[PDB]
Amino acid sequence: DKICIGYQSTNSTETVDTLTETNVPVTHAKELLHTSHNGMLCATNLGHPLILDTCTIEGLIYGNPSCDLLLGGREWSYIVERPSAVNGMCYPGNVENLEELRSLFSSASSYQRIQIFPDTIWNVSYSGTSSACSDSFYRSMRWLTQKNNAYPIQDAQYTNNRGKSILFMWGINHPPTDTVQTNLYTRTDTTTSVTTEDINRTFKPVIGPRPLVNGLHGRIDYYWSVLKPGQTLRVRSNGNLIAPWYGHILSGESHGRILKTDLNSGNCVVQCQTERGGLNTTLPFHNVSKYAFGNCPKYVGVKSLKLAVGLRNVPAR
């Protein structure tokens, strides 16, 4: 008679690696890496994303006339800018510190427009439009021009009593010829200032034709800033000012992402979202994307992370 001690063997095909041996057969193992995603842009625990299919972030901020669907205000978990989004700054010109503007905007979770300077305050024309901007103009600013062949010094003030900071925008027009300059502002030498308790910005125009953009030789240099609660914004100009009309009250904190993809969006909710798709999992790691956000596992750039649970699988035969 006899009694023997032994251990289990199974038909498991699982294998794991160690530092002193690779592909060690084991009876039981656990994959710690999640590798699947749904191939869609979904909502996260913070809500649905703001999907911009025709307008860019700056186009929305400055109120490109082709982005009216966005005038009402939105809230989001993250922002998606489709490759089809081409409506930005319709009138030729660049936004100073654009990357910071887009970052600031995307970091918030919502915006609501607020009127800064009512059309009635001006003593000059304010309905200027352009063929480059759908025969209209930005909803965030007014292109002030001469009225009755006169352009008196414009001096307007606005005090922020909303309790929240206000992102505001303005621009400086640079005509292509001296005729357009005088024609629009009555004078060729102007001075414009945008000031608050913290900023003291002044601008001067420079007439001349720039290379053609959207069929125009003229330009508008775009600028922005943030009016803190209690602060007062004051603008003065005797020409060339593209005055602030409406600003934005930014609130909250979103995931702070701007995804640039044409990935399909869906009526879904996920814990973790990436630019390639979203996922749900209790595994500690994933290899979908280092850019993942939301409630996510840790990203690891590997194909598998198999942890041994059982023992070395040794066939008797």
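Position 1 is the first residue in the sequence shown; the rest follow in order.
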item	value
Between the two ranges 51 to 59 and 259 to 267, the one averaging a larger CA B factor in the entry	259 to 267
Average Cα temperature factor in the PDB entry - higher stretch of 208 to 216, 77 to 85	208 to 216
Out of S136, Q112, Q231, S106, residue topping the C-alpha B-factor column of the entry	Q231
Top Cα B factor in the deposited entry, candidates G163, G171, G72, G247	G163
Chain thirds of CA B-factor: placement of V314	middle
CA B-factor ranking of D155, expressed as a third of its chain	highest
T188, C-alpha B-factor rank within chain (lowest, middle or highest third)	highest
Entry-reported Cα temperature factor of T177, expressed as the chain third it lands in	highest
Third of the chain's Cα B-factor distribution that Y222 belongs to, per the entry	lowest
